[PDB]
Amino acid sequence: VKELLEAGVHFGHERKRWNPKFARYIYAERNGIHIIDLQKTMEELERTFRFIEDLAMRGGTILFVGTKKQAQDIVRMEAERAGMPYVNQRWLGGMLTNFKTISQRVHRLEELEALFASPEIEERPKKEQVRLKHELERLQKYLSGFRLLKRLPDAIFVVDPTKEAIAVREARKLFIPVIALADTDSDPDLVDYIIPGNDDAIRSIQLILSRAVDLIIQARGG
RNA sequence: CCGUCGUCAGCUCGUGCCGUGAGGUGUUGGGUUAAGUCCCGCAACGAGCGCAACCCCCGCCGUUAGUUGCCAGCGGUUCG
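Each residue of the first sequence is one higher than the one before, starting from 7 at the first, in the authors' numbering.
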């Protein structure tokens with residue numbers, strides 16, 4: 007799929023906190039705010055989306071990451087739609103470098119889910135009960151989407167690259183491709199497949215991700 | 001084998017990350033606790049030794065048990 011000239015939604019976000027390297031993606035300043043040149047965002051989308059089709063039909067896995075408060079309720083949604091994994095609540099340092107050590111945390115969920123169905127529930131100390139009840143509680147937060155990761159992902163779809171420069175760092179080191187919805191404040195020089203655009207705006211995050219996923223699905227043929 | 005700091009709440013490790021390196025991070029900060037007790041947060045996620053917990057006494061109650069116990073209810077007293 008392709009997009010329209012939907013310009014009533016992305017056309018810049020941040021004030022004057024920008025990163026000089028982003029210049030290549032700005033139109034001009036208006037009322038002290040940078041405005042992204044959309045004619046250019048179209049040139050980038052037409053490539054990034056290419057990458058995803060490639061990935062998708064090749065049957066790949068894209069980890070969706072966005073710890074921003076605004077994208078919270080969106081990230082959850084979209085990933086769930088492919089079969090994609092995602093990082094909603096908070097991004098754990100090493101969910102990719104130290105994966106084998108974290109995937110261990112995953113098994114801890116697996117093993118607890120089990121106990122809370124089996125007969126060994128109320129039967130045994132209750133102090134531990136609470137103690138164990140809380141552990142799932144926390145897991146069913148952070149790991150909620152990571153769970154789907156059988157092995158490290160073929161690409162990451164990050165939202166605020168500068169906020170998730172930890173995730174990006176990691177990936178960058180493990181040679182996993184980076185796809186992010188970036189703008190004024192990011193270092194484009196580190197994002198394999200950029201998507202220059204506003205993002206605090208639900209209206210922006212929502213569009214950028216939906217059109218991506220629709221790409222994802224139509225790619226596999228559903 | 002014991003005294004002692006000290007029943008104090010600490011002491012550390014794997015892997016990850018930071019640093020040429022000694023080392024650091026985790027264990028920290030904000031809240032909380034009797035406690036590194038727990039919450040929130042954070043390049044960390046866990047784990048070990050320690051805290052706690054499992055064990056004994058005390059306080060309520062139940063079941064099993066009646067040569068301690070009692071007119072608690074009845075019959076006699078040298079009415080103990």
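A virtual CB, placed ideally from N, CA and C, is assigned to each residue, including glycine.
Problem set entry | 8 Å contact criterion, which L69 and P159 should meet: CB distance rounded | Right, the Cβ-Cβ distance comes to about 4 Å (below 8 Å), so this counts as a contact.
Problem set entry | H16: first and last residue of the uninterrupted beta strand (DSSP E) it sits in | From DSSP, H16 is part of no beta strand (DSSP E); its letter is neither H nor E.
Problem set entry | Contacts around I42, its chain only, beta-carbon distance under 7 Å, and the 5 residues preceding and following it disregarded | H16, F17, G18, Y31, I32, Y33, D189, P202 and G203
Exercise. Of the choices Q45, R111, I108 and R21, whose alpha-carbon is the least far from that of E9?
Worked result: Ranked by Cα distance from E9, the first of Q45, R111, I108 and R21 is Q45.
Problem set entry | C-beta contact flag for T67 and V93 at 9 Å | no
Exercise. Does the distance from the CB of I185 to the CB of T47 come in under 9 Å?
Worked result: no
Problem set entry | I222 vs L187 beta-carbon contact at 9 Å | No; because the gap between Cβ atoms is not below 9 Å, this pair is not in contact.
Problem set entry | For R175, the first and last residue of its enclosing alpha helix (DSSP H) | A171 to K179
For this session: Pull up the DSSP beta-bridge partners for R36, would you.
Result: BP columns for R36 point to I39.
Exercise. Are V112 and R137 closer than 9 Å when you measure CB to CB?
Worked result: Taking the C-beta atoms as reference points, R137 is found no nearer than 9 Å to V112.
Exercise. What number of angstroms, rounded off, separates the C-alpha of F57 from the C-alpha of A218?
Worked result: 11 Å
For this session: Return the Cβ separation of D166 and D205 in integer angstroms, given the expectation that the two are a contact with Cβ distance under 8 Å.
Result: 6 Å
For this session: Let me know the beta strand (DSSP E) ranges lying completely inside the region 120 to 186, each 3 residues or longer, listed in chain order.
Result: 161 to 164 and 184 to 186
Exercise. Considering only residues of the same chain and omitting the five flanking positions on each side of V197, which have a CB-CB separation below 7 Å?
Worked result: Closer than 7 Å at Cβ, skipping near neighbours: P167, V184, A186 and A188.
Exercise. Should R226 and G151 be called a contact, given that it needs their Cβ atoms to be closer than 9 Å?
Worked result: no
Exercise. Which residues in the same chain as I127 place their Cβ atom closer than 8 Å to its Cβ, once the five residues preceding and following it in sequence are excluded?
Worked result: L121 and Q135
Exercise. Per DSSP, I200 forms a beta bridge with which residues?
Worked result: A186
For this session: Please report the Cβ distance between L213 and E12, rounded to the nearest whole angstrom; I am assuming they are in contact, meaning their Cβ atoms lie under 8 Å.
Result: 7 Å
Exercise. Between which two residues does the alpha helix (DSSP H) harbouring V7 extend?
Worked result: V7 -> no alpha helix (DSSP H), and no H or E assigned at all.
Problem set entry | 8 Å Cβ shell around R178 - same chain, five flanking residues per side excluded | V184 and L196
Exercise. Among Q110, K75, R175 and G89, which residue has its Cα nearest to the Cα of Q95?
Worked result: Taking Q95 as reference, the option from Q110, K75, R175 and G89 with the minimal CA-CA separation is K75.
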